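Asker: Pasting coords.cif below, which is mmCIF, N, CA, C and O atoms.
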```
data_target
loop_
_atom_site.label_atom_id
_atom_site.label_comp_id
_atom_site.auth_asym_id
_atom_site.auth_seq_id
_atom_site.Cartn_x
_atom_site.Cartn_y
_atom_site.Cartn_z
N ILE A 5 0.84 -1.19 0.00
CA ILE A 5 0.00 0.00 0.00
C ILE A 5 0.87 1.25 0.00
O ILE A 5 1.76 1.39 0.84
N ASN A 6 0.61 2.14 -0.95
CA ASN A 6 1.37 3.38 -1.05
C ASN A 6 0.68 4.57 -0.39
O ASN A 6 1.36 5.54 -0.03
N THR A 7 -0.64 4.52 -0.20
CA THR A 7 -1.37 5.67 0.31
C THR A 7 -2.57 5.20 1.12
O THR A 7 -3.11 4.12 0.88
N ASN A 8 -2.99 6.03 2.07
CA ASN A 8 -4.15 5.75 2.91
C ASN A 8 -5.38 6.39 2.28
O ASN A 8 -5.70 7.56 2.51
N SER A 9 -6.09 5.60 1.47
CA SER A 9 -7.29 6.09 0.81
C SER A 9 -8.27 6.67 1.83
O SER A 9 -8.99 7.63 1.54
N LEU A 10 -8.32 6.08 3.02
CA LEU A 10 -9.20 6.61 4.05
C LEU A 10 -8.73 7.98 4.53
O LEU A 10 -9.55 8.84 4.85
N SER A 11 -7.42 8.19 4.56
CA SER A 11 -6.91 9.53 4.84
C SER A 11 -7.36 10.52 3.78
O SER A 11 -7.73 11.66 4.08
N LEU A 12 -7.33 10.10 2.51
CA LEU A 12 -7.81 10.98 1.45
C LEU A 12 -9.29 11.30 1.64
O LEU A 12 -9.72 12.46 1.48
N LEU A 13 -10.08 10.28 1.97
CA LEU A 13 -11.49 10.47 2.30
C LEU A 13 -11.65 11.51 3.41
O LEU A 13 -12.51 12.40 3.34
N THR A 14 -10.82 11.39 4.44
CA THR A 14 -10.87 12.33 5.55
C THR A 14 -10.57 13.74 5.08
O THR A 14 -11.18 14.71 5.55
N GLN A 15 -9.61 13.88 4.17
CA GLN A 15 -9.29 15.21 3.63
C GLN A 15 -10.50 15.81 2.94
O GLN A 15 -10.83 17.00 3.12
N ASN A 16 -11.18 15.00 2.12
CA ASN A 16 -12.39 15.48 1.47
C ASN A 16 -13.39 15.98 2.50
O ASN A 16 -13.94 17.08 2.38
N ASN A 17 -13.62 15.18 3.55
CA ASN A 17 -14.56 15.61 4.59
C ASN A 17 -14.10 16.89 5.25
O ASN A 17 -14.92 17.74 5.62
N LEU A 18 -12.79 17.04 5.44
CA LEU A 18 -12.25 18.25 6.06
C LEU A 18 -12.65 19.48 5.26
O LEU A 18 -13.17 20.46 5.82
N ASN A 19 -12.41 19.45 3.95
CA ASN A 19 -12.80 20.59 3.13
C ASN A 19 -14.31 20.81 3.19
O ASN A 19 -14.78 21.96 3.26
N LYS A 20 -15.07 19.72 3.15
CA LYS A 20 -16.52 19.83 3.24
C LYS A 20 -16.93 20.63 4.46
O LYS A 20 -17.73 21.57 4.37
N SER A 21 -16.38 20.29 5.62
CA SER A 21 -16.72 21.00 6.84
C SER A 21 -16.26 22.46 6.78
O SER A 21 -17.00 23.38 7.15
N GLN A 22 -15.03 22.67 6.32
CA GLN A 22 -14.46 24.01 6.37
C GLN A 22 -15.28 24.99 5.55
O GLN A 22 -15.38 26.17 5.90
N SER A 23 -15.84 24.54 4.43
CA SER A 23 -16.60 25.46 3.59
C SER A 23 -17.79 26.04 4.35
O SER A 23 -17.99 27.26 4.38
N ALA A 24 -18.57 25.17 4.99
CA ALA A 24 -19.71 25.65 5.77
C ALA A 24 -19.25 26.52 6.93
O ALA A 24 -19.90 27.52 7.27
N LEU A 25 -18.13 26.15 7.57
CA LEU A 25 -17.60 26.99 8.64
C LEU A 25 -17.35 28.40 8.13
O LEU A 25 -17.81 29.39 8.72
N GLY A 26 -16.60 28.52 7.04
CA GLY A 26 -16.30 29.83 6.50
C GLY A 26 -17.55 30.60 6.14
O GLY A 26 -17.62 31.82 6.35
N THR A 27 -18.55 29.92 5.60
CA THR A 27 -19.80 30.59 5.28
C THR A 27 -20.45 31.17 6.54
O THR A 27 -20.91 32.33 6.54
N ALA A 28 -20.48 30.39 7.61
CA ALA A 28 -21.07 30.89 8.85
C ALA A 28 -20.31 32.10 9.36
O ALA A 28 -20.91 33.08 9.82
N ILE A 29 -18.98 32.05 9.30
CA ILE A 29 -18.18 33.19 9.75
C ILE A 29 -18.49 34.41 8.90
O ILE A 29 -18.60 35.53 9.41
N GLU A 30 -18.61 34.21 7.59
CA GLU A 30 -18.97 35.30 6.69
C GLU A 30 -20.24 35.98 7.15
O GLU A 30 -20.30 37.21 7.27
N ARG A 31 -21.28 35.18 7.37
CA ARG A 31 -22.57 35.76 7.74
C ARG A 31 -22.50 36.45 9.10
O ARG A 31 -23.04 37.55 9.27
N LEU A 32 -21.80 35.84 10.06
CA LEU A 32 -21.63 36.50 11.35
C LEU A 32 -20.97 37.85 11.18
O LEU A 32 -21.42 38.85 11.76
N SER A 33 -19.91 37.91 10.39
CA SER A 33 -19.17 39.15 10.20
C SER A 33 -20.05 40.21 9.56
O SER A 33 -20.17 41.33 10.07
N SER A 34 -20.68 39.87 8.44
CA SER A 34 -21.43 40.87 7.70
C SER A 34 -22.71 41.28 8.41
O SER A 34 -23.25 42.35 8.12
N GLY A 35 -23.22 40.46 9.32
CA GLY A 35 -24.54 40.73 9.86
C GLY A 35 -25.64 40.57 8.84
O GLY A 35 -26.73 41.11 9.03
N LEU A 36 -25.38 39.84 7.76
CA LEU A 36 -26.34 39.62 6.69
C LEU A 36 -26.34 38.15 6.30
O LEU A 36 -25.34 37.45 6.47
N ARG A 37 -27.47 37.68 5.79
CA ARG A 37 -27.53 36.33 5.25
C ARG A 37 -26.87 36.24 3.88
O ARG A 37 -26.30 35.20 3.55
N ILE A 38 -26.94 37.30 3.09
CA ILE A 38 -26.45 37.31 1.72
C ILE A 38 -25.25 38.24 1.64
O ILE A 38 -25.35 39.43 2.00
N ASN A 39 -24.12 37.72 1.17
CA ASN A 39 -22.91 38.50 1.00
C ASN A 39 -22.38 38.47 -0.42
O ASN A 39 -21.51 39.29 -0.75
N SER A 40 -22.86 37.56 -1.27
CA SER A 40 -22.36 37.42 -2.62
C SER A 40 -23.52 37.15 -3.56
O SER A 40 -24.66 36.93 -3.13
N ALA A 41 -23.23 37.17 -4.86
CA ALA A 41 -24.27 36.91 -5.85
C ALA A 41 -24.82 35.50 -5.71
O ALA A 41 -26.03 35.29 -5.78
N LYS A 42 -23.94 34.51 -5.50
CA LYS A 42 -24.34 33.12 -5.48
C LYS A 42 -24.98 32.71 -4.15
O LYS A 42 -25.09 31.51 -3.88
N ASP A 43 -25.39 33.67 -3.33
CA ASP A 43 -26.20 33.35 -2.16
C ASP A 43 -27.67 33.19 -2.55
O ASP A 43 -28.25 32.12 -2.39
N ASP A 44 -28.28 34.26 -3.07
CA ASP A 44 -29.62 34.15 -3.66
C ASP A 44 -29.86 35.34 -4.57
O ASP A 44 -29.97 36.48 -4.09
N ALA A 45 -29.95 35.08 -5.87
CA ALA A 45 -30.11 36.16 -6.84
C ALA A 45 -31.43 36.90 -6.63
O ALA A 45 -31.47 38.13 -6.67
N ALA A 46 -32.51 36.15 -6.43
CA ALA A 46 -33.81 36.80 -6.25
C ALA A 46 -33.80 37.68 -5.01
O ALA A 46 -34.29 38.81 -5.04
N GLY A 47 -33.23 37.18 -3.92
CA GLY A 47 -33.13 37.99 -2.72
C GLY A 47 -32.33 39.25 -2.96
O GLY A 47 -32.73 40.35 -2.57
N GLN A 48 -31.18 39.12 -3.63
CA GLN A 48 -30.35 40.29 -3.88
C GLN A 48 -31.10 41.33 -4.70
O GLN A 48 -31.11 42.52 -4.37
N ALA A 49 -31.76 40.88 -5.77
CA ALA A 49 -32.46 41.82 -6.64
C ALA A 49 -33.59 42.51 -5.89
O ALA A 49 -33.77 43.73 -5.98
N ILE A 50 -34.38 41.73 -5.13
CA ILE A 50 -35.51 42.31 -4.42
C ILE A 50 -35.02 43.31 -3.38
O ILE A 50 -35.61 44.38 -3.20
N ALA B 2 -34.64 35.88 14.12
CA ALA B 2 -34.85 37.27 14.51
C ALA B 2 -33.57 37.89 15.07
O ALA B 2 -33.47 39.10 15.21
N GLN B 3 -32.60 37.04 15.37
CA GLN B 3 -31.37 37.50 16.00
C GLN B 3 -30.48 38.21 14.99
O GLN B 3 -29.44 37.67 14.59
N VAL B 4 -30.89 39.40 14.56
CA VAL B 4 -30.12 40.18 13.60
C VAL B 4 -30.02 41.61 14.11
O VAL B 4 -30.88 42.09 14.85
N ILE B 5 -28.96 42.30 13.68
CA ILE B 5 -28.62 43.62 14.20
C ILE B 5 -28.69 44.69 13.12
O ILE B 5 -28.91 45.86 13.43
N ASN B 6 -28.51 44.30 11.85
CA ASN B 6 -28.36 45.28 10.78
C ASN B 6 -29.42 46.37 10.79
O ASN B 6 -29.17 47.46 10.27
N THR B 7 -30.60 46.11 11.34
CA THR B 7 -31.61 47.15 11.46
C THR B 7 -32.62 46.74 12.51
O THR B 7 -33.18 45.64 12.43
N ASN B 8 -32.87 47.62 13.47
CA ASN B 8 -33.71 47.33 14.63
C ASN B 8 -35.10 47.93 14.39
O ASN B 8 -35.35 49.09 14.71
N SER B 9 -36.01 47.11 13.85
CA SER B 9 -37.30 47.62 13.38
C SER B 9 -38.04 48.36 14.48
O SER B 9 -38.62 49.44 14.25
N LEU B 10 -38.06 47.79 15.68
CA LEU B 10 -38.83 48.36 16.77
C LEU B 10 -38.42 49.81 17.03
O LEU B 10 -39.26 50.67 17.32
N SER B 11 -37.13 50.09 16.93
CA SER B 11 -36.66 51.45 17.16
C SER B 11 -37.36 52.42 16.22
O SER B 11 -37.96 53.41 16.67
N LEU B 12 -37.33 52.15 14.92
CA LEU B 12 -37.95 53.06 13.96
C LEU B 12 -39.45 53.17 14.20
O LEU B 12 -40.04 54.24 14.05
N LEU B 13 -40.09 52.05 14.54
CA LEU B 13 -41.51 52.09 14.88
C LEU B 13 -41.77 53.12 15.98
O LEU B 13 -42.64 54.00 15.86
N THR B 14 -40.99 53.03 17.05
CA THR B 14 -41.15 53.96 18.16
C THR B 14 -40.86 55.38 17.72
O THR B 14 -41.50 56.33 18.18
N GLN B 15 -39.88 55.56 16.83
CA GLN B 15 -39.57 56.90 16.35
C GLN B 15 -40.76 57.51 15.64
O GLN B 15 -41.08 58.69 15.82
N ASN B 16 -41.44 56.72 14.80
CA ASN B 16 -42.62 57.21 14.11
C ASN B 16 -43.68 57.65 15.11
O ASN B 16 -44.26 58.74 15.01
N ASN B 17 -43.95 56.79 16.10
CA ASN B 17 -44.96 57.15 17.10
C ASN B 17 -44.57 58.43 17.83
O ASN B 17 -45.42 59.28 18.11
N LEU B 18 -43.28 58.58 18.14
CA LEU B 18 -42.81 59.78 18.84
C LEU B 18 -43.01 61.03 17.99
O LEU B 18 -43.37 62.09 18.51
N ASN B 19 -42.73 60.94 16.69
CA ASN B 19 -42.97 62.09 15.83
C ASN B 19 -44.44 62.48 15.84
O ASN B 19 -44.78 63.67 15.92
N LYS B 20 -45.32 61.49 15.76
CA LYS B 20 -46.75 61.77 15.86
C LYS B 20 -47.05 62.52 17.15
O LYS B 20 -47.74 63.56 17.15
N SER B 21 -46.53 62.01 18.27
CA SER B 21 -46.79 62.63 19.56
C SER B 21 -46.30 64.07 19.58
O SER B 21 -47.00 64.97 20.07
N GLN B 22 -45.11 64.31 19.05
CA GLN B 22 -44.55 65.65 19.07
C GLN B 22 -45.41 66.62 18.28
O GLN B 22 -45.67 67.74 18.72
N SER B 23 -45.85 66.21 17.09
CA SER B 23 -46.68 67.10 16.29
C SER B 23 -47.95 67.46 17.04
O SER B 23 -48.32 68.64 17.15
N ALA B 24 -48.64 66.45 17.59
CA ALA B 24 -49.88 66.74 18.29
C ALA B 24 -49.64 67.65 19.49
O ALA B 24 -50.40 68.60 19.72
N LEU B 25 -48.59 67.36 20.26
CA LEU B 25 -48.30 68.15 21.45
C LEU B 25 -48.04 69.60 21.09
O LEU B 25 -48.56 70.52 21.73
N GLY B 26 -47.20 69.83 20.07
CA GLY B 26 -46.92 71.19 19.66
C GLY B 26 -48.17 71.93 19.24
O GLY B 26 -48.39 73.08 19.63
N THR B 27 -49.00 71.28 18.43
CA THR B 27 -50.23 71.93 17.99
C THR B 27 -51.08 72.34 19.19
O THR B 27 -51.56 73.48 19.27
N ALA B 28 -51.26 71.42 20.14
CA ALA B 28 -52.12 71.71 21.28
C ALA B 28 -51.56 72.84 22.12
O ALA B 28 -52.31 73.73 22.56
N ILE B 29 -50.25 72.83 22.38
CA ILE B 29 -49.67 73.87 23.23
C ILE B 29 -49.79 75.22 22.55
O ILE B 29 -50.08 76.23 23.21
N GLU B 30 -49.57 75.28 21.24
CA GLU B 30 -49.73 76.55 20.54
C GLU B 30 -51.16 77.04 20.63
O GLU B 30 -51.41 78.23 20.86
N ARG B 31 -52.12 76.13 20.43
CA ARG B 31 -53.52 76.52 20.57
C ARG B 31 -53.77 77.15 21.93
O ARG B 31 -54.32 78.25 22.04
N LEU B 32 -53.36 76.45 22.99
CA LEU B 32 -53.58 76.97 24.34
C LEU B 32 -52.95 78.35 24.50
O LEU B 32 -53.61 79.30 24.91
N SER B 33 -51.67 78.46 24.16
CA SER B 33 -50.95 79.71 24.41
C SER B 33 -51.60 80.87 23.67
O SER B 33 -51.89 81.91 24.27
N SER B 34 -51.85 80.70 22.37
CA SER B 34 -52.42 81.80 21.60
C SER B 34 -53.87 82.07 21.96
O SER B 34 -54.37 83.16 21.68
N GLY B 35 -54.56 81.11 22.56
CA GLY B 35 -55.93 81.32 22.98
C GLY B 35 -56.95 81.20 21.88
O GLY B 35 -58.16 81.28 22.17
N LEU B 36 -56.53 81.02 20.64
CA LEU B 36 -57.44 80.84 19.52
C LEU B 36 -57.57 79.37 19.17
O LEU B 36 -56.93 78.50 19.78
N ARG B 37 -58.40 79.09 18.18
CA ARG B 37 -58.39 77.80 17.52
C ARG B 37 -57.66 77.83 16.19
O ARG B 37 -57.19 76.78 15.73
N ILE B 38 -57.53 79.00 15.57
CA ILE B 38 -56.93 79.14 14.25
C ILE B 38 -55.65 79.95 14.40
O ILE B 38 -55.69 81.12 14.82
N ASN B 39 -54.52 79.34 14.04
CA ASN B 39 -53.25 80.04 13.95
C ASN B 39 -52.67 80.02 12.55
O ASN B 39 -51.61 80.61 12.32
N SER B 40 -53.33 79.35 11.60
CA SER B 40 -52.81 79.25 10.25
C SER B 40 -53.97 78.93 9.31
O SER B 40 -55.07 78.59 9.74
N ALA B 41 -53.70 79.05 8.01
CA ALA B 41 -54.68 78.64 7.02
C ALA B 41 -55.03 77.17 7.16
O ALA B 41 -56.10 76.75 6.72
N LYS B 42 -54.15 76.38 7.77
CA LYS B 42 -54.43 74.96 7.95
C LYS B 42 -55.66 74.73 8.80
O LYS B 42 -56.44 73.81 8.54
N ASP B 43 -55.85 75.55 9.84
CA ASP B 43 -56.87 75.24 10.84
C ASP B 43 -58.26 75.18 10.22
O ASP B 43 -58.97 74.18 10.38
N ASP B 44 -58.67 76.23 9.52
CA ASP B 44 -59.99 76.22 8.89
C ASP B 44 -60.13 77.32 7.84
O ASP B 44 -60.11 78.51 8.17
N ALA B 45 -60.32 76.92 6.59
CA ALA B 45 -60.47 77.89 5.51
C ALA B 45 -61.70 78.76 5.72
O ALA B 45 -61.61 79.99 5.79
N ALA B 46 -62.88 78.13 5.78
CA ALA B 46 -64.10 78.89 5.99
C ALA B 46 -64.03 79.68 7.29
O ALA B 46 -64.56 80.79 7.36
N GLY B 47 -63.39 79.12 8.31
CA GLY B 47 -63.24 79.86 9.55
C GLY B 47 -62.50 81.16 9.35
O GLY B 47 -62.96 82.23 9.75
N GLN B 48 -61.34 81.10 8.69
CA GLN B 48 -60.57 82.32 8.45
C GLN B 48 -61.37 83.30 7.61
O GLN B 48 -61.38 84.50 7.89
N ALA B 49 -62.04 82.81 6.57
CA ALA B 49 -62.77 83.71 5.68
C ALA B 49 -63.88 84.43 6.43
O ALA B 49 -64.02 85.66 6.35
N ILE B 50 -64.70 83.67 7.16
CA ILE B 50 -65.81 84.27 7.88
C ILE B 50 -65.30 85.20 8.97
O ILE B 50 -65.89 86.25 9.23
#
```
Using the file provided, produce a representation of the structure as structure tokens.
Answerer:
Amino acid sequence: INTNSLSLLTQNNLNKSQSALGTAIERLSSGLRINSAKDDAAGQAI
Amino acid sequence: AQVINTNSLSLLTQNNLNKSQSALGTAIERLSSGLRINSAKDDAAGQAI
């Protein structure tokens, strides 16, 4: 065995978690639910 | 509801306070001047007659 495929799996999960973490921090900082275009276009326009 | 960007209740109260101030000022001016009419606003026919 050259590599721990389960370690690679864990890395994927790590990024998965971090993305939502960063999103929550974004919203906390801005005091808003929407900070970018790809949050909700209809909400932004309205 | 846990948001800070704008505190709705505050503005609501501000509107009510502005209403109160307008009414209070009108009433105090009426009392002080002793009339009912201090401007064209009060009564058109009243002023004319």
Asker: For the helix (DSSP H, G or I) assignment from backbone DSSP, which residues of chain A qualify? Please present them as a count of residues only.
Answerer: 31
Asker: Per residue of chain B within 8 Å of chain A, record the nearest atom pair and its distance in Å to one decimal, counting only N, CA, C and O atoms, with rows in chain order and ascending residue number, as a tab-separated table.
Answerer:
```
residue	atom	partner	partner_atom	distance
B:3	O	A:35	O	7.1
B:4	CA	A:35	O	5.8
B:5	N	A:35	O	5.3
B:6	N	A:35	O	4.6
B:7	N	A:35	O	6.7
```
Asker: Neighbouring residues of residue 40 of chain B were defined as those with any atom within 12 Å, considering only C-alpha atoms; residues of the same chain fewer than 3 positions away were excluded. Please report them as a PyMOL selection string.
Answerer: chain B and resi 27+30-31+34+36-37+43-45+47-49
Asker: Could those selected residues go to a file with N, CA, C and O atoms, as a short mmCIF file (atom, residue, chain, number, x, y, z; two decimals), in the coordinates of the input?
Answerer:
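See result-v6.cif below for the written result:
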```cif
data_model
loop_
_atom_site.label_atom_id
_atom_site.label_comp_id
_atom_site.auth_asym_id
_atom_site.auth_seq_id
_atom_site.Cartn_x
_atom_site.Cartn_y
_atom_site.Cartn_z
N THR B 27 -49.00 71.28 18.43
CA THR B 27 -50.23 71.93 17.99
C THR B 27 -51.08 72.34 19.19
O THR B 27 -51.56 73.48 19.27
N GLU B 30 -49.57 75.28 21.24
CA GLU B 30 -49.73 76.55 20.54
C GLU B 30 -51.16 77.04 20.63
O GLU B 30 -51.41 78.23 20.86
N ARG B 31 -52.12 76.13 20.43
CA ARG B 31 -53.52 76.52 20.57
C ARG B 31 -53.77 77.15 21.93
O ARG B 31 -54.32 78.25 22.04
N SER B 34 -51.85 80.70 22.37
CA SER B 34 -52.42 81.80 21.60
C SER B 34 -53.87 82.07 21.96
O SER B 34 -54.37 83.16 21.68
N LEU B 36 -56.53 81.02 20.64
CA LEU B 36 -57.44 80.84 19.52
C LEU B 36 -57.57 79.37 19.17
O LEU B 36 -56.93 78.50 19.78
N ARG B 37 -58.40 79.09 18.18
CA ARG B 37 -58.39 77.80 17.52
C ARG B 37 -57.66 77.83 16.19
O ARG B 37 -57.19 76.78 15.73
N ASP B 43 -55.85 75.55 9.84
CA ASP B 43 -56.87 75.24 10.84
C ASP B 43 -58.26 75.18 10.22
O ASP B 43 -58.97 74.18 10.38
N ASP B 44 -58.67 76.23 9.52
CA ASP B 44 -59.99 76.22 8.89
C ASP B 44 -60.13 77.32 7.84
O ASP B 44 -60.11 78.51 8.17
N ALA B 45 -60.32 76.92 6.59
CA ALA B 45 -60.47 77.89 5.51
C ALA B 45 -61.70 78.76 5.72
O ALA B 45 -61.61 79.99 5.79
N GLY B 47 -63.39 79.12 8.31
CA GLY B 47 -63.24 79.86 9.55
C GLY B 47 -62.50 81.16 9.35
O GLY B 47 -62.96 82.23 9.75
N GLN B 48 -61.34 81.10 8.69
CA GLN B 48 -60.57 82.32 8.45
C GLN B 48 -61.37 83.30 7.61
O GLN B 48 -61.38 84.50 7.89
N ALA B 49 -62.04 82.81 6.57
CA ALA B 49 -62.77 83.71 5.68
C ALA B 49 -63.88 84.43 6.43
O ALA B 49 -64.02 85.66 6.35
#
```
Asker: Rounded to one decimal in Å, what is the spacing between atom CA of residue 14 of chain A and atom CA of residue 30 of chain A?
Answerer: 24.4 Å
Asker: Which value, in Å to one decimal, gives the distance between atom O of residue 39 of chain A and atom O of residue 25 of chain A?
Answerer: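 Separation between atom O of residue 39 of chain A and atom O of residue 25 of chain A: 14.2 Å.
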Asker: One decimal, in Å: what's the spacing between atom O of residue 21 of chain A and atom CA of residue 8 of chain A?
Answerer: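 These atoms are spaced 22.2 Å apart.
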